[PDB]
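> So I pulled this structure from the PDB, and the sequence comes with it:
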Amino acid sequence: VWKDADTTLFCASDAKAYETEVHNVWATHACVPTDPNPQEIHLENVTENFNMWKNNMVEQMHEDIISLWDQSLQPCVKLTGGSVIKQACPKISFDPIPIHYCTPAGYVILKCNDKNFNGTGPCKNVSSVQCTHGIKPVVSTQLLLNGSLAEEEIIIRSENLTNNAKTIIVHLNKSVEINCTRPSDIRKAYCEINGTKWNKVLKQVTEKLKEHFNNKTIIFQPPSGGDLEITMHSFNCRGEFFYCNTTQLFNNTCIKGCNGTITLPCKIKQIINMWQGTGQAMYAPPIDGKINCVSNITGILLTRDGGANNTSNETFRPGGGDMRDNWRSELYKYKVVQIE
Ligand SMILES: *[C@@H]1O[C@H](CO)[C@@H](O)[C@H](O)[C@H]1NC(C)=O
Ligand SMILES: *[C@@H]1O[C@H](CO)[C@@H](O)[C@H](O)[C@H]1NC(C)=O
Ligand SMILES: *[C@@H]1O[C@H](CO)[C@@H](O)[C@H](O)[C@H]1NC(C)=O
Ligand SMILES: *[C@@H]1O[C@H](CO)[C@@H](O)[C@H](O)[C@H]1NC(C)=O
Ligand SMILES: *[C@@H]1O[C@H](CO)[C@@H](O)[C@H](O)[C@H]1NC(C)=O
Ligand SMILES: *[C@@H]1O[C@H](CO)[C@@H](O)[C@H](O)[C@H]1NC(C)=O
Ligand SMILES: *[C@@H]1O[C@H](CO)[C@@H](O)[C@H](O)[C@H]1NC(C)=O
Ligand SMILES: *[C@@H]1O[C@H](CO)[C@@H](O)[C@H](O)[C@H]1NC(C)=O
Ligand SMILES: *[C@@H]1O[C@H](CO)[C@@H](O)[C@H](O)[C@H]1NC(C)=O
Ligand SMILES: *[C@@H]1O[C@H](CO)[C@@H](O)[C@H](O)[C@H]1NC(C)=O
């Protein structure tokens, strides 16, 4: 027997002590080695209540990633709280590794295995683990990259679909590659996506949200203003902060002649708004050479337009900005409990 509890977790990794890649360096001194022989214990005929939108593993991971980024990235200047802070800005090696989150003695992690679990409510196929699976801490908006996939149907996760200010996490069951390159203006870049695979998946997503919104017409529109970090698909590739225009991916016409390669325009930005919320940071100009990152789109973050309770349409725009939802999309099936 066990009871819902909140304890400070520890982390584990297969990080290499000789690497200079910042994720390895941070995990080498802040996490322990992953258990070589992990044991997973299935709990026969037991049912447990999960709630992904009220999970303290979320905020613990958020804390870890903030600390990771603050020890790893070296901006030449940070304008924070009215306070300029200058320091050397060497280029770094950057490629996220999976991090495992683990319970201390006297606690354990309950794992939801219901394939179609949406993130809240009862789960009937429950297991017990000491650590979660290896989660890559990918920092991005609009598109969730390099995560895990939904096992059966595409899942729609939200704390309250009725409230349109609550973000909608869409868990894909089929990854779609995004291939972003700054070839050898040095900040010019672009991302290539297979149109036929994206639009097929995009159309499957519309039918799933049709299921949740009373078979209403689902419409995609690009962000309605805001900072470039959420108006564009922002992510970090090999240390460089990429901003990509995704209006070509949320086009309701193709859900005809759009079957080849979609090419998103991208820019590498030196001056950015921190996702930690601490203000602005300036980095050095990009490195020479082919900057390339091939990633899997495994989810989409959407925010639905409000005020359409009188009309026949529901309109959605790529959302994000709160990185907790990024960690939320991977920690949704885990919950901490105390042994009794
Ligand atoms: C419960 O989940 C496990 C692991 O995901 C999988 O074998 C199957 O879906 C379920 N197994 C049983 C015995 O219910
Ligand atoms: C998730 O499932 C629960 C039932 O356990 C339900 O109350 C809730 O509305 C569902 N949420 C979504 C987004 O489907
Ligand atoms: C991309 O997705 C495929 C499965 O769809 C997976 O096998 C592959 O390892 C993924 N690549 C990365 C970098 O996660
Ligand atoms: C993904 O889920 C949709 C339903 O949401 C289903 O129609 C489709 O066949 C699934 N695709 C795969 C590859 O599982
Ligand atoms: C969901 O959101 C609607 C509209 O914002 C609100 O009326 C309702 O109280 C919310 N439901 C829950 C369970 O929070
Ligand atoms: C990614 O794009 C570059 C240039 O567009 C190309 O050279 C490379 O082969 C592509 N990689 C994949 C895996 O599609
Ligand atoms: C797009 O993916 C489809 C499979 O859905 C495949 O027929 C084709 O090879 C791909 N085309 C491009 C340009 O990537
Ligand atoms: C939503 O649409 C499908 C159309 O096939 C239907 O089966 C389902 O019952 C509909 N639900 C409502 C509430 O209209
Ligand atoms: C994205 O590109 C479209 C044209 O395809 C343009 O109208 C729009 O202004 C761009 N987005 C931003 C945030 O500049
Ligand atoms: C996703 O994983 C691939 C393979 O590990 C890596 O090359 C790529 O940089 C990753 N994408 C991001 C945004 O970290």
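The structure has been received and is ready for your questions. Residues are numbered from 1 along each chain as shown. Ligands and ions are numbered 1, 2, ... in the order given.

> Near ligand 4, which residues of the chain? Just list them.
Counting by C-beta under 6 Å from any ligand atom, the chain comes close to ligand 4 at 153, 154, 173, 174, 204, 208. (Each C-beta comes from the backbone N, C-alpha and C, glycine too.)

> ok, so of the residues you listed, who is nearest ligand 7?
residue 174 (9.7 Å; C-beta to the nearest ligand atom).

> hang on, that closest one in a strand?
Yes. Judged by DSSP: H, G, I helix; E, B strand; the rest coil, residue 174 forms part of a strand.

> That one contacts residue 201, correct?
Yes. Look at residue 174 against residue 201 with C-beta atoms under 8 Å: they come within range, at 5.9 Å.

> more crowded one of those two?
Taking neighbours as other C-beta atoms under 10 Å, residue 174 and residue 201 compare with residue 201 leading, 18 against 14.

> hmm, the helix or strand containing that one in reach of ligand 7?
Assessed by DSSP states H and E, residue 201 sits inside helix 195-212. Yes. Helix 195-212 lies within reach of ligand 7 by C-beta under 6 Å from any ligand atom, at 196, 197.

> gap between residue 113 and residue 56?
21 Å (C-beta to C-beta, to the nearest Å).

> okay, now residue 327: neighbour count?
23.

> cool, and residue 123?
21.

> what bridges to it?
residue 48 (DSSP bridges).

> Contact distance from ligand 7 - what residues of the stretch 151-300 of the chain qualify?
Counting by C-beta under 6 Å from any ligand atom, the stretch 151-300 of the chain comes close to ligand 7 at 194, 196, 197, 260, 261.

> Settle this for me: the second one is touching residue 259, isn't it.
It refers to residue 196. Yes. Contact criterion C-beta under 8 Å: residue 196 and residue 259 qualify, at 5.1 Å.

> Measure how buried the residue in the chain that ligand 2 sits nearest to is and give me the count.
Closest to ligand 2 within the chain is residue 121: 2.2 Å, counting by C-beta to the nearest ligand atom. Number of residues near residue 121 (other C-beta under 10 Å) recorded here: 11.

> What separation is there between it and residue 133?
22 Å.

> so which residue of the stretch 51-200 of the chain comes closest to ligand 3?
Counting by C-beta to the nearest ligand atom, the stretch 51-200 of the chain gets nearest to ligand 3 through residue 175 (3.8 Å).

> Just give the nearest non-adjacent residue to that residue, would you?
Leaving aside its chain neighbours, residue 175 sits nearest to residue 296 (3.8 Å; criterion: C-beta to C-beta, 6 or more residues apart in numbering).

> Number of residues surrounding the closest residue to residue 199 other than its chain neighbours?
In space, and not counting its chain neighbours, residue 199 is closest to residue 254: 4.9 Å by C-beta to C-beta, 6+ apart. As a burial measure, residue 254 scores 17 neighbours (other C-beta under 10 Å).

> how close does residue 254 get to ligand 3?
22 Å (C-beta to the nearest ligand atom, to the nearest Å).

> Checking that residue next. Helix, strand or coil?
Applying three-state DSSP: residue 254 is coil.

> I'd say it and residue 195 touch.
Yes. Assessed by C-beta under 8 Å, residue 254 is found in contact with residue 195 at 7.2 Å.

> hang on, the earlier thing: test of understanding: give the bridge partners of the residue nearest to residue 175.
residue 177.

> residues contacting it?
Listed by C-beta atoms under 8 Å, 6 or more residues apart in numbering, the contact partners of residue 296 are 145, 146, 147, 175, 176, 177, 178.

> Burial check on the second one, number of neighbours?
Translated: residue 146. With other C-beta under 10 Å as criterion, residue 146 counts 19.

> Now it: phi and psi?
phi 60, psi 30 (degrees, to the nearest 10).

> measure it to residue 245 for me?
From residue 146 to residue 245 the distance is 21 Å (C-beta to C-beta).

> Compare residue 196 and residue 259 (neighbour count), which wins?
Neighbour tally, residue 196 and residue 259, criterion other C-beta under 10 Å: the higher count belongs to residue 196, 13 against 10.

> Quick check: chain neighbours aside, which residue is closest to residue 186?
residue 286 (5.6 Å).

> try residue 250
Closest to residue 250 by C-beta to C-beta, 6+ apart is residue 220, at 3.8 Å.
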